[PDB]
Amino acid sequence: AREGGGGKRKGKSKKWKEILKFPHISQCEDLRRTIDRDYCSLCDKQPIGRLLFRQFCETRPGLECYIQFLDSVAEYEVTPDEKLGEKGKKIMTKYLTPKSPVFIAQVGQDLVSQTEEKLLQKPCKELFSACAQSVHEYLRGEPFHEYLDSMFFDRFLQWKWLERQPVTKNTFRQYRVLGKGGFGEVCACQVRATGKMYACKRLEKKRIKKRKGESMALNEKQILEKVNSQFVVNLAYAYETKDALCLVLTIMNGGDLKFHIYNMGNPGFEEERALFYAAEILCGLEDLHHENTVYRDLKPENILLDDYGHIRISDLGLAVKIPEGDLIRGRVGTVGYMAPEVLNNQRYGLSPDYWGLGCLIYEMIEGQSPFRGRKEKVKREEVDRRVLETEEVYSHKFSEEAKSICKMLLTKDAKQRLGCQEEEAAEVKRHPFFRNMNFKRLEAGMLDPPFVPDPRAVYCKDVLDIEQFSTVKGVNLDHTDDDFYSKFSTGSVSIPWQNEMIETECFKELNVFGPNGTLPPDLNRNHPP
């Protein structure tokens, strides 16, 4: 039911209900046979799967109490710190006390006792996390298996059938160019059936080939697909055209952070703004780091605003998923934004991203990078020398807390850097610079940005072809490029496609069952087409 524009001038297709018409259930047999029946994926991570599992649970008063609990815990997490004691006590009384009618017995009383004791002490936002996990361990059992046998999972297969339909020349319509650079250009585009607006990043095949950017283009695609964060650009579709590869991404047309820092004419902006952006960037980093993925490229150009003034981390090409327990090596990044441990070509973890966060907070407030001026003629090896050998200084533009968090993130030794300890991001979140920020509310979108941007408008009369075309492969004995094109163009990406259906209310309007006897014709096995 959520929507905002990329400037969506046309709405859904008048024929959208035909385009998105469910297959008869008899056409889902191959899906039924091949689908991995994995509770976490099917009933939680996949948005439509989560919705249909909950619809199933609400038909059973005995399962519905578990869903209510999980929803209460969600409410608890965003409760103001001072009121957690009351909200927690209410949850305890309602769900975790056998006297109550909505009592949930499958949370072990040893877990309840643990929770009751933590609740006596200083309550924290994560108080109920162990209980919640216990609930899912129950639900992934018999309730899940009942779900798989219900009309709600049948309906899930129908949605999955739709999801996996190919991207074609008719899937999108094209709007104006948003920007140009890198391997290509970015233009606005819209899914015809749903009306949802996206950015289409068009990578020219000839430019990828010349610069040998195949592995990086593929890497960006694969990390984008696996990260689902409100603070990282999402990938909804990946496909091929004759001359290009297309990444269909979250449209972020509010302008990049480099533009906004230097648009002022008095570079740098108010601490309240920098605070908000830094908080969202941190959440984005935590989401990547949860996948043990190090970004490595933080800099203002790679942070984009949307029309609401929220931000996302963009440009994942240099990101790397680190194998668990390992460290990685490579000297990559932008000059002036590379951490000392990167410059020194040491083995490193997630730590460079905290250095990057310090660079960003510093630049947002000062209006200049810590180690270089924006108008300066300086060799890269000198910029590198400054980063290694000199300390940054702080003008009157910095509050004590801003100076402090910048110094702690710009700690040259990674071992002592803020955020790089046991606590990881938690240490950064509790810094005085952020003392007034409730990060759970921020994550949940409950905090309004202090600044709303003018939507970006570029003049470009070039409109490049983004119509899907599957090129004939293997024309040459060397088919390495073709292999790459095939690997890249996997079509729709599950979680964003499902969110697109939900946000545009295609799900709400299309997802309907029979009146009382409650089997609709598309689920009725006695009448195949």
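Just count from 1 along the sequence shown to find any residue number.
Chemist: On mean Cα temperature factor in this entry, is 16-24 or 517-525 the higher one?
Modeler: Looking at the recorded C-alpha B-factors, 517-525 comes out higher on average.
Chemist: Which has the higher mean CA temperature factor in the PDB entry, 83-91 or 158-166?
Modeler: Per the PDB entry, the higher value belongs to 83-91.
Chemist: Identify, among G181, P455, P449, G356, the residue whose C-alpha carries the highest B-factor in the deposited PDB entry.
Modeler: When the deposited C-alpha B-factors of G181, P455, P449, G356 are compared, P455 is largest.
Chemist: Return the residue from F371, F276, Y175, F152 that has the highest Cα B-factor in the entry.
Modeler: In the PDB entry, the greatest C-alpha B-factor among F371, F276, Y175, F152 is found at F371.
Chemist: Ordered by C-alpha B-factor within the chain, which third holds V233? Give me lowest, middle or highest, please.
Modeler: It belongs to the lowest third of the chain when residues are ordered by C-alpha B-factor.
Chemist: Ranked by Cα temperature factor within the chain, is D462 in the lowest third, the middle third or the highest third?
Modeler: Answer is highest: the recorded C-alpha B-factor places it there.
Chemist: By the record's CA B-factor, is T59 among the lowest, middle or highest third of residues in the chain?
Modeler: Ranked within chain, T59 CA B lands in the highest tercile.
Chemist: By the record's CA B-factor, is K403 among the lowest, middle or highest third of residues in the chain?
Modeler: Middle third by C-alpha B-factor.
Chemist: Sorting the chain's modelled residues by C-alpha B-factor, tell me whether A132 ends up in the lowest, middle or highest third.
Modeler: Answer is lowest: the recorded C-alpha B-factor places it there.
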